[PDB]
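Okay, structure first, notes after.
Protein chains in written order, with the entry's author numbering: chain I, 446 to 988; chain R, 2 to 105.
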């Protein structure tokens, strides 16, 4: 039909091919009837039978709406001229053409777009073979015709099927896409048609999973937000956990989401086509800096039931990502560093009662000088992430409990082994998954209390020695810069009773430590250079 | 911002059309006496005519005239001068109508 447009127009001077004939006759210096265009075009015809509409009936129905139509220029199986070529030959009649104008290929593109149902699979090479056969047949009928080809144009259809009478108008957010981290957070991207996004406001609408027609949530973002030529809107975990809480009983990961964008400009709304597909996972595009925090259930508390204020249980279970301490860590880190909150992703690595050498889960094996089982298990999951790890946070080691339980004068040997294992581990992690200049950040030590409040201190000297070793390591420039001490940890308030055993921290202590760690990580601050007033004092010598 | 404005909206059929353009270029390069008539990748949705139901799939009148001019220019480029020649090369006054018996 793209060639048929030149003929289908009405009136004498206004038609397309009249300009063609007038130009050719004027240039050659002959009268108007020198050139005689012939119409052989047929609307919506495919060169290949398989790509054709309804390739089951060979009856010719050019007008359609009367039945199945047989519309193919050529059939590769059992080479026959085909009905459309016969129509062209009939329209020629008894004439000798000197040139041929050829333009076709919209129906082939449509067939390639949606090829599922058709038994012969549409392909490019079959279209090439069909076109070559058509050209050879036409040149077989008439000896040496030169052939001119017209390039394919673009076809757009209608944006939204609900409103048939809306054309493509200015300010249309056409290119829609979305992606998510390993964390639950999601980002939206769109690209405007005519209007520059700066002088506009956009509204995102998200539809109900149960009733795809209804709408759950909608928020307005300014048009100034642009990154890499794309307009963006950040839909973080803290925003979509409450929505899922209202929609369903428990928080669930969100996939297969349907959404739209409506541009607001001069008191006008220009919606876009809906987008409905499974959200792809891409850490490399989204997140910039990755934080691996904690080992040994004291840094692992930043992701579990300990830090959750609204969760009743305390048996080390997974907590809601909205209210857990890692969220505050990420928010402080992003706010101080200047990045967007979606660009920072914390990652959980932990094991039960793990330690460098002492614990039942050994992170390093000194006998063979090779990473322990815990690091081996962690390695595959860490390498799974596309982005390179940036910060490793070392929680309170498990050596304190073992030292207080079954050691009296063995402590210096444990300190030397701990330092050697930490240095070897740092070198190995720097080498294996790359990202040199990786630094292991530290966290304060833990004491043990036992009694009715106020309780009785245990192993104060062990924690003093461990903290002294940590400060000594942080002061040196080998690495192991110390993030922060727990703000309490000496006044027995930042601990939980748990039937008269005060080993672990409380919610508020976890949040305070998270804020301190975030401020320390975002801006390079080694707090070992400025220890607090305490930790200078030592236990009284003799009782 | 000019970085975010796009001349044409997204359509699922754009990639196959580019592939078909490439395959037609291959046919042109690998066949005898085949040429390029006109280039229609320039025209944008403002040019096409909207229709209820399906919309923006056919050219306007003005774009049809422009494409016809391009085709005429290309055909003239291939054949600059009028090839055909006529046995009668003068006006009717010059010729003298005579009758003869059979030749020889």
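C-beta: ideal position from N, C-alpha, C; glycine also.
For residue 868(I), the three-state secondary structure derived from DSSP is helix. Spatial neighbours of residue 578(I) in its own chain (CB-CB distance under 6 Å, excluding positions within 5 residues in sequence) are listed in chain order as 519. Sixteen is the threshold: since fewer than 16 other Cβ atoms of the shown chains lie within 10 Å of the Cβ of residue 828(I), the residue is exposed.
Only those residues of the stretch 86-98 of chain R whose C-beta falls short of 7 Å from the nearest C-beta of chain I would be listed, and there are none.
Counting along the chain, residue 635(I) sits inside the beta strand (DSSP E) bounded by residues 631-635. Residue pairing by DSSP puts residue 703(I) in a beta bridge opposite 721(I). Listed by position along chain R, the residues whose Cβ is nearer than 7 Å to that of residue 632(I) form an empty set, because the closest Cβ is around 16 Å away. Taken through DSSP and simplified to helix, strand or coil, residue 662(I) comes out as strand. Taken atom to atom, the span from the alpha-carbon of residue 464(I) to that of residue 455(I) is near 14 Å. Between residue 686(I) and residue 835(I) a beta carbon distance of about 26 Å is seen, past the 8 Å cut, so the two are scored as non-contacting. Under the three-state reduction of DSSP, residue 520(I) is assigned to strand. Here residue 483(I) has 536, 537, 540, 542 as same chain residues with Cβ atoms under 8 Å from its own Cβ, once five neighbours each way along the sequence are excluded. Not flagged as an interface residue toward chain I: residue 78(R), since no C-beta distance is shorter than 8 Å. None of the residues of the stretch 960-976 of chain I has a beta carbon lying less than 7 Å from any beta carbon of chain R. Between residue 741(I) and residue 750(I), the C-beta spacing is not below 8 Å. Between residue 897(I) and residue 945(I) the beta-carbon gap is near 7 Å, inside 8 Å, which marks them as a contact. Listed by position along chain R, the residues whose Cβ is nearer than 8 Å to that of residue 451(I) are 65, 68, 69. Residue 750(I) is outside the set of residues whose beta carbon lies under 8 Å from a beta carbon in chain R.
Annotation for residue 625(I): 631, 724, 726 place their beta carbon closer than 7 Å to its own, counting only its chain and skipping 5 residues before and after. Between residue 843(I) and residue 812(I), the CB-CB gap reaches or exceeds 8 Å. Within chain R, the residues whose beta carbon sits less than 9 Å from that of residue 555(I) are 14, 17, listed in sequence order.
The Cβ atoms of residue 717(I) and residue 676(I) do not sit closer than 8 Å to each other. Any Cβ of chain I closer than 8 Å to the Cβ of residue 72(R) would place that residue at the interface, and such an atom is present.
A straight-line Cα-Cα distance of about 29 Å links residue 899(I) and residue 748(I). Assignment of residue 652(I) by DSSP, reduced to helix, strand and coil, places it in the strand class.
Contact between residue 596(I) and residue 39(R) holds: their C-beta atoms lie close to 7 Å from each other, under 8 Å. Around the C-beta of residue 21(R), 16 or more other C-beta atoms lie within 10 Å, and the residue is accordingly described as buried.
Taking 8 Å as the upper bound for CB-CB distance, residue 642(I) and residue 75(R) are not in contact here, some 40 Å apart.
At least one CB of chain I lies nearer than 8 Å to the CB of residue 34(R). Contacts between residue 100(R) and chain I, judged by CB atoms closer than 7 Å, are missing: the closest CB pair is about 31 Å apart. Straight-line measurement puts the Cα of residue 563(I) at about 27 Å from the Cα of residue 582(I). DSSP places residue 873(I) within a helical segment (H, G or I) once states are collapsed to three. Under the three-state reduction of DSSP, residue 558(I) is assigned to helix. DSSP places residue 734(I) inside the beta strand (DSSP E), whose first and last residues are 734-738. Three or more Cβ pairs closer than 8 Å define a contact, and the stretch 513-530 of chain I meets that threshold against the stretch 494-504 of chain I.
When the five nearest sequence neighbours on each side are left out, the beta carbons in the same chain lying within less than 6 Å of the beta carbon of residue 837(I) are those of 737, 885, in order along the chain.
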